[PDB]
Amino acid sequence: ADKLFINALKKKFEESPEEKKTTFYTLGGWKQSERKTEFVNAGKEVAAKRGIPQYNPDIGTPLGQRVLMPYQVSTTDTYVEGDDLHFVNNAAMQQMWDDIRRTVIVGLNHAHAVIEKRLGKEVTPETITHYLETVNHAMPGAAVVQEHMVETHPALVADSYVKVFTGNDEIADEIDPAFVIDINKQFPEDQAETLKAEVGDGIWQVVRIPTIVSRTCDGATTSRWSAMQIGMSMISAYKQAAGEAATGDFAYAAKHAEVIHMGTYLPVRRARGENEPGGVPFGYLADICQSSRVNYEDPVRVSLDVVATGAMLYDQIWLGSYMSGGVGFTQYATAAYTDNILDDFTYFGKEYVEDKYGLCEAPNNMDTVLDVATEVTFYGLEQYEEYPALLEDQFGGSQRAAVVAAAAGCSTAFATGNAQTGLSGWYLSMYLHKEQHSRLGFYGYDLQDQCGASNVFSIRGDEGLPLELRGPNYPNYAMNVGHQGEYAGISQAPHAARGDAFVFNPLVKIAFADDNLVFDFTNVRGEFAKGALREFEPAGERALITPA
Amino acid sequence: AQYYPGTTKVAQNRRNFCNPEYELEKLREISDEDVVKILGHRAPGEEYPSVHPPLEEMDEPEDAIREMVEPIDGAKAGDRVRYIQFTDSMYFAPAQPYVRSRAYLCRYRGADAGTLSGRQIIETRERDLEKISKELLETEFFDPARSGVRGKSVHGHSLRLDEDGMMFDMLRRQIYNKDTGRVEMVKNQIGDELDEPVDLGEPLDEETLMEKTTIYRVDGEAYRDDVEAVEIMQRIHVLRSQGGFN
Amino acid sequence: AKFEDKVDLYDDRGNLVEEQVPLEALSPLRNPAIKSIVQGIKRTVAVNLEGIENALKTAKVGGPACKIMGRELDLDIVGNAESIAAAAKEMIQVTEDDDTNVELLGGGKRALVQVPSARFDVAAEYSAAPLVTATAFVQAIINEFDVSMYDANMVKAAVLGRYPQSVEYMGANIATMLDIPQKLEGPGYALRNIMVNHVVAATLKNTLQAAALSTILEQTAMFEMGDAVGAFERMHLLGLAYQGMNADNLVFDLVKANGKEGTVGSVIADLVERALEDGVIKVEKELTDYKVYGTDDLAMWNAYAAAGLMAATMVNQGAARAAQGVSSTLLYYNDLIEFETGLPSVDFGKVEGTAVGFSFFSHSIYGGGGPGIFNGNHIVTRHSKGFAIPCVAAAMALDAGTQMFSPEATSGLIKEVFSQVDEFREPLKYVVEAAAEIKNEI
Amino acid sequence: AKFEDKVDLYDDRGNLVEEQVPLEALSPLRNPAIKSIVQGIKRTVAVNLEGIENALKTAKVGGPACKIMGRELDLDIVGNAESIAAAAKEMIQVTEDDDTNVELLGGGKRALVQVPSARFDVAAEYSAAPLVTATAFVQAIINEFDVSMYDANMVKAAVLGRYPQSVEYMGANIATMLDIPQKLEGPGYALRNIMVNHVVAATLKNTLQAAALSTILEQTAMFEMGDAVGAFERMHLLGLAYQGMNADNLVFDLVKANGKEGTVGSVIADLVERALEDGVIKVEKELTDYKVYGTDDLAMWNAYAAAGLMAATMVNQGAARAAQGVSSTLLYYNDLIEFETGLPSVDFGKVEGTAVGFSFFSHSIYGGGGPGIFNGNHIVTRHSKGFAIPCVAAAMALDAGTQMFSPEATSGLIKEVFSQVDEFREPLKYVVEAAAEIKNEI
Ligand code: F43
Ligand SMILES: C[C@@H](OP(=O)(O)O)[C@H](NC(=O)CCCCCCS)C(=O)O
Ligand SMILES: C[C@@H](OP(=O)(O)O)[C@H](NC(=O)CCCCCCS)C(=O)O
Ligand SMILES: O=S(=O)(O)CCS
Ligand SMILES: [Mg+2]
Ligand SMILES: [Mg+2]
Ligand SMILES: [Mg+2]
Ligand SMILES: [Mg+2]
Ligand SMILES: [Mg+2]
Ligand SMILES: [Zn+2]
């Protein structure tokens, strides 16, 4: 069948994708683009209303001396200009991050122990349901004990709620099913049995605070807001004194002893509290993405859905705004989720490994890394050489480096069933690419790349970590675009090839298996395309409280 | 010195750019004035601006390292550090980004070289930069169709050539003339119009590009068939991997 | 000596050990036993070899509920504890037969490790203890079993957790009484970020030894913070001696007098009487049926009032055998004594303010928890400069089982290793013996 | 001795000082001069008495552009410096004949303070230096002028800034080479958070001495981090000796041979020839007109390549007298040497990778700055384990005035005070003397 990027390349350019020559300078600059024309008109309108110049297409250099391309969102049939994939212009991308930032997982294990042992009251499915009715009134910001409380408007905070899950089916089925993430409904049988075995008789809350609060405030608000309203609801539902010594054990349990943040806090140069993107380890990002429970027949699809999740969050929002800003890093990330390019390379490598070894049947060693990563690197690079339209599409070397090395590292991990050798294959890919074309990425692209080989298997204090546990705060990774979302894909790759239900935390995997989320984590690239088309409906808006 | 493994023309060309004993082929003559104009840092007859006073005016303490290391002439004078930056087409330009930084640090003294996919730069003291720049412009480091002198707006290394065989340039600093076949530099490297254009000679024909290129490609010499060069890359990978462990 | 004061030193049974020892013999800057306790707490690490082995066999590494399917390694680390420990000790030590200690406990399930003090005299801080310990155990595990390059990173994760993606050693199977330098509320706070339950576990819930260890650590931090420099130094030393060291047997004797039937208020009445008997306070003015007391020695009044405050905690929380009310004792001993006398309460109101927030954050939804999880670096309990936390330590030592987050719950690894060390366990014995030994050199 | 290696040690003029010194005599764990340097940098504070006086007179306290109208206090601090310094010293010292130093400079406008070592042996970390110094000078200034209770908090703000509202001493008029413990990227990093410009200023831009001080601090941090424990120890000691201590005169002799007309590439050719001549590498395999080199001692190959890298920086940035190209030298020295030889570059690629990001963050819009503002704790330059930042120090020592953020701009207070201290200013001298002294104890 044609390579998977050919339809996109025929949509973008009039020439055939193999054609080496074109014409430039004849498209009228920005005037060729619907979106730039919208921007030029909006800038005139903004500047005139506010009395300060703003967007002006004649500032600096004239965009569109070449074709300003559409991009196909991979796995979709939606083609949009890249400005529609900028996170500022894409409400689905903003809501994806809000839905992670505003979530926290909070055990009821220590809490129920405090109730039984310290207050001397019984817990059963019935008392749990009554506590859940109470906390779903209180969590969005409404009162249960005091007189003369003033409360949040329920429609502004409609996205905030609490659900629970447990690995004990008979206990799950006794709690009111309005509040339950049903593992058996959400996961195919084998993954459901794995997840339930991990959870056991433990009972956990998934708490989502309001998007309007998360946007007002920060990620470190989430576990606090969660615990306040858990605390009020434990007072009201189990009939405590409203503020006695035992109250503080529910606070410590919900805020510290049985909380699981999405992200850990950051060191001072990049100071941030919990539940910010830099704290989210790669294994958690693969677990947040829900492609694993829907597309499990196709480990390439699962892995590259995780790459899309991560390239957007880690390069566009985190590195391209929290850690920099401006125009930012849209196409550094779009290279990994558009035009079916990474998909073409990664299916090639998956089939190569199937034919030579069998998925997960290769020895977990450097021989396998050298064989698979080299073969897949050369395939990817040959496509840019055979198709000048493909090279002009992924015009920055960093974009190519990330795409070729993601396909090489995911394919190596499909062979070995182990993410560490996948990561060695990523670095070998960069070294071969650099020598093949006498270039790689931007000035600073390969800081982690050159430290890379030596730190894959190191065991030293700030060097040695399995890839699943690394994240944007692993020292070598803390700065640069074109790596973090691809590493989350490599962390997913061996687990999707093995059919594992999760990559690093089963509670995080379950916690996003929930259609009450605003963003649909089962189809990240589909949602990105919906947002690009201005068809996604986010939470958090102030329309109800502002002039009509 | 050996410089680079491999048995292709690409490999030998990578070694020749690094080797200061290899005489770079001169392809074109450019006047001193025109190198100055293309750099764009100062006007013809303008004295070299200074960033600090001449070394002899500074009366420094005894330092055995400084006493052993001879300063380049622009450092003795206190010249500004300025730059020259080139973009090389992936369609078989003779030099390429890492080839340039590796070569510059073997050939040139007092050099700050930077490599990127779409641009490669050297920064050094201004009067010394003008002497190196003549060599980068006059020799087979440069082709006037497939290489561009560009301080900003560098896009084009990865683009399709136009119908004349010229790399894309958002700011059209180098113009091929359809009737004559020569390229002229019509703007300096930052994109400002030159009073008079600089002739940069004829684009190298396809055969000569293939003789002189340092990029590996499936339609030229493929890197994967230069098995000795791949062996050394793989060796480096494996030795760094084992050494980081134990 | 800079100061003229002398104190009489007693043992933990209330028996005299040494008379008329100069106050500065108890100073953290002079007493060699306080130096060896602080250096020991810098350098001591608890290694949970059974936890490492279990994390490896299950691939449960990197923090709560985390697991990597397919990464399990089944290594017989506890069965080979002696060899692993010896190989780690050879990397930990600087020279053979220096002060490095590596001792197995619980049939090889745990190791007490004391990294050589010389590594700290060439270090900025104290992180060499967990870092040098973790790497020596990671390498000795890998070398014991010939763990491959491909798998060794799981040994690392099972030892030290998610570091460096997380700032802390999240999920580590090693433990220290100190916590990482980034978590200090201010420079100089490291000896304050020691959980009260750790102090009570290491002293085996001996009430006077838990109070002494906590006061040592708190008042030693007040030197490192600069608070006990210059004008304030004597106030801090007299607090150490009278509230933490049982100087003059004053905490002991107030507890003896009030333990059978006493309250916080009966202890206040006894301490005001004893301060007037000893000339620490005097009647300054008579109002209508009320005497206004004054003092010519605010540091000494503070110290007597601090001894009373400790005795009142031991009476009130000892009577309940329930630690929670320590927050109330710390508040109302100070509030009551100010309206009883007209003189300022302990730490000039800062114990009372610490107690207001501590009471709130141990009885509310907003944060905190039970007494045992506080420490001098906790935002709720940092505000008094050493005079509050040791009372919390005494109250948790007296708690007979009312807490969920007890020292048995939070501090079991710490207990098994740190209580081995005689000077951490019974620091009142060793600090008093060292003060008597140096008495004529101060 | 754990290691059999011996090295010859030279002074900064290339003359032999001592032959055949055991490697561990240079270890931070054994060498007494490295101990005195590290305890010195923990305990030494620069006090800007003029800056305190000016901040008070204008009420400009609390950080850039901040001022409190109506709070101005005009105190003759510099004219009474001798008295103020003596009173601060009495509070700083532990005893009258200890190693506290308080010395006025600049006619009383500045003071060098060295807080007594013993305060640190009973401290967790190093913040007692600024905190004990700050309060002793705040108290001494208050007591010199009898500043009232209502005004004294302005003296505190002028000395220590906006702390504790800010985490740092924001607006302080004291300075140290270390920075606060909360700013460490990881535990064990404090000796790495020392600006390159502070090292170059303390050593008066003597290139070899700047490279030595930087190396001593970086490799001593490697011990505190646990990196130099076990398998890696010899690699770190040999890097210290050859890259920072000019062992065997290797750096010196490379620079001598390449200084007149040399490049990074000529220094590589000479180092490869010297490694071959010394037996550190040998030809393993012949490819087509290409010799593949091997080694049976990767730590020694790494060290020789590290000495070459320092020489290449001296040649390259010495010829330009401009530091910026150190990021390029650190990159392409390592990239060229691997394709020249078939062996891994310094620190197995981690100098090269540090240099890629350092080059980017010294020539782009995103962060970083000029070479002198980096340090081993900086996110851009932390990745190599001691083998990159000393080259940056050498390059800034050789810079003739191309930097806006030069040591004169960022480190003038540091320079005046810390270059007074002989062991900080000329550490190559003292560490080599101490190594020769303990030669027979290893
Ligand atoms: C000024 C810099 C230096 C710097 O610190 N950042 C710049 C510019 C910055 C700006 C450019 C916005 C603008 O035009 O005003 C932004 C968008 C960051 C921001 N401030 O919002 C950016 N780069 Ni850059 N930058 C990019 C890239 C690149 C590629 C472009 C090569 C080419 O041939 O076109 C090269 C590096 C390389 O050669 O590998 C590059 C250089 C550069 N990058 C050169 C300018 C190059 C030029 O003069 O043309 N970027 C890329 O390779 C692709 C992604 C792209 C980013 C925007 C997006 O992700 O959508 C953008 C990311
Ligand atoms: C004490 C501390 O909580 P922890 O004991 O760390 O759980 C802290 N909260 C607070 O200070 C709550 C302040 C606002 C609520 C009470 C206002 S009176 C915090 O979350 O960091
Ligand atoms: C280096 C550091 O900047 P400073 O040197 O501290 O100014 C850091 N920025 C970054 O890492 C930029 C990362 C994203 C922009 C570059 C992506 S390649 C930060 O702001 O904390
Ligand atoms: O040109 S740079 O590599 O510095 C920045 C790329 S976005
Ligand atoms: Mg083949
Ligand atoms: Mg839906
Ligand atoms: Mg000429
Ligand atoms: Mg008696
Ligand atoms: Mg031969
Ligand atoms: Zn926000």
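Letters A, B, ... are given to chains in the order of the sequence lines, protein chains preceding strands, and every chain is numbered from 1.
- Your options are D:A228, D:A136, D:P187, and the one with the most heavy-atom pairs under 4.5 Å with chain C is D:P187.
- Minimum heavy-atom separation, C:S127 to D:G188: CB-N, 3.5 Å.
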_Criterion side chain to side chain contact (heavy atoms under 4.5 Å, CB included) on C:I92 and D:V229, from CA distance to verdict_ = CA-CA 7 Å; C:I92 298 164; D:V229 168; 5.8 Å; no
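- When D:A87, D:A140, D:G186 are compared by the number of non-hydrogen pairs under 4.5 Å with chain C, D:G186 comes out ahead.
- Contacts of residues 155-169 of chain D with chain C at a heavy-atom distance below 4.5 Å involve D:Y163, D:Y169, listed in sequence order.
- Between chain D and the residues C:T220, C:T135, C:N143, the most heavy-atom pairs under 4.5 angstrom are made by C:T135.
- Heavy atoms of D:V38 lying under 4.5 Å from chain C belong exclusively to its side chain.
- When D:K183, D:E90, D:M225 are compared by the number of non-hydrogen pairs under 4.5 Å with chain C, D:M225 comes out ahead.
- Contacts with chain D were tallied for C:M91, C:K35, C:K42, C:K2; C:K42 has the most, counting heavy-atom pairs under 4.5 Å.
- With hydrogens and angles disregarded, a donor-acceptor distance shorter than 3.5 Å links the side chain of D:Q39 to the backbone of C:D121.
- Among residues 173-182 of chain D, the residues having any heavy atom closer than 4.5 Å to a heavy atom of chain C are, in sequence order, D:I180, D:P181, D:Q182.
- Side-chain contact between D:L191 and C:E125 is absent, with no heavy atoms from C-beta onward closer than 4.5 Å.
- Of the two parts of C:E24, neither the backbone nor the side chain holds a non-hydrogen atom closer than 4.5 Å to a non-hydrogen atom of chain D.
- Most heavy-atom pairs under 4.5 Å with chain D: of the set C:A128, C:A129, C:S36, C:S117, this distinction falls to C:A128.
- Contact annotation for C:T95: only side-chain heavy atoms (C-beta onward) come within less than 4.5 Å of a heavy atom of chain D.
- When all heavy atoms are compared, the tightest approach of C:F223 to D:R119 is CD2-NH1, 4.2 Å.
- Residues C:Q139 and D:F232 are in side-chain contact: their nearest non-hydrogen atoms beyond the backbone lie under 4.5 Å apart.
- When the candidates C:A123, C:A190, C:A118 are compared by the number of heavy-atom contacts under 4.5 Å with chain D, C:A123 comes out ahead.
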